[PDB]
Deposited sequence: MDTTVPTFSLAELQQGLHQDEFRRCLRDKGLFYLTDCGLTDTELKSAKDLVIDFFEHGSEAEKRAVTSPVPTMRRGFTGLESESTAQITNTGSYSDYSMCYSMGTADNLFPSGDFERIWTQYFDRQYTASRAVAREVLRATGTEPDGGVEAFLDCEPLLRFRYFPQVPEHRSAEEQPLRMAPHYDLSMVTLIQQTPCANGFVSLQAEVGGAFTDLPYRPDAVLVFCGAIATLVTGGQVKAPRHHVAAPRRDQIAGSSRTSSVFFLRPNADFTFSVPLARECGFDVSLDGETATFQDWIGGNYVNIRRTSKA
């Protein structure tokens, strides 16, 4: 195994190409850049531009009308010496007139790409989730766009898609050492998270990553439904320090009644 973060074309994967290379990437690294998945730089511009014009020029009242009453960063605007804009499949809060269109299309592209790669991850590992593949992937995504440092953690998602604007702050553990993860023109960076490890019975690594110290980021978490069900003994076999009585459990059983998106190894 070398220490190169690989790149895969989603379309080539969907055509059955690079099977061994993909499978070993998932087992040994758990991250990769993904091309050919409908996330062209053009589009990040349309979405980026109008959010960035809301962030700098939205009035305090305009911001307040798209702020939730609890500051959870789940939907709408959050002031944080940074600003965030969050979305999912429903219950969104949109500025204006043309923002909704642009951002619904952007979200859709990312949700589709995310489901698609996750579908390939399942296929590559021979995994049939309890309840089937499509009910598993029809889930609880969350998109956060941040505009202007992260201690090492791993994601609790199935997969996480990250688009950025281009010093390389983002690094990940590859082969036992942190490696730069720079902006890739027509690629998105995919991190496998803990739910990939869980659902596939340990066939996918969930790598640790952080942001080092010396701008904008789009992070799409593909998160399972509360009712995603898994084998308890199987979870223990792959490193999950579960406190679950009995033989099956749900995501809700494991993580509790509020989504938790990341975890540190520390305790």
query: Unmodelled ranges, which are counted on the deposited sequence from position 1 and given in order; finding: 81 to 96, 165 to 178, 197 to 200, 249 to 257, 311
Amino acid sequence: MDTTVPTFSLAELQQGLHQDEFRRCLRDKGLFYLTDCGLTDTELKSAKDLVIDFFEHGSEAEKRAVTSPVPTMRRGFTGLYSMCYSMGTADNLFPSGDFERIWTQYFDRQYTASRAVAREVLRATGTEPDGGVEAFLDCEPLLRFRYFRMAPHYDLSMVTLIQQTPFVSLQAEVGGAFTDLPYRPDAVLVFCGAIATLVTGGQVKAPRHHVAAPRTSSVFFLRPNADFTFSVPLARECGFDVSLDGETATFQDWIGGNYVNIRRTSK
From here on, numbers count along this sequence of modelled residues.
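We call the rigid core the largest set of C-alpha positions that still match within 1.5 Å between the two forms.
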query	finding
Higher-deviation segment by CA RMS in 6 other deposited structures of this protein, core fitted, 95 to 103 or 155 to 163	95 to 103
More shifted region, core-based fit in 6 other deposited structures of this protein, 55 to 63 vs 24 to 32 by CA	55 to 63
Residue 111: gap in at least one third of other compared structures	no
Other entries omitting residue 81, at least a third	yes
Of 32 to 40 and 56 to 64, the one with larger mean CA B-factor	56 to 64
Higher-scoring stretch by recorded Cα B factor average, 98 to 106 or 130 to 138	98 to 106
Deposited CA B-factor, highest of 124, 150, 90, 194	150
Selection from 111, 183, 154, 145 [criterion: highest C-alpha temperature factor in the record]	183
Where the record places residue 86 (Cα B-factor, split into thirds across the chain)	lowest
Third of chain Cα B-factors occupied by residue 224	lowest
Chain third (lowest, middle, highest) by recorded CA B-factor, residue given as residue 1	highest
Residue 160 CA temperature factor, ranked by third within the chain	lowest
Relative C-alpha B-factor of residue 16, binned into the chain's lowest, middle or highest third	highest
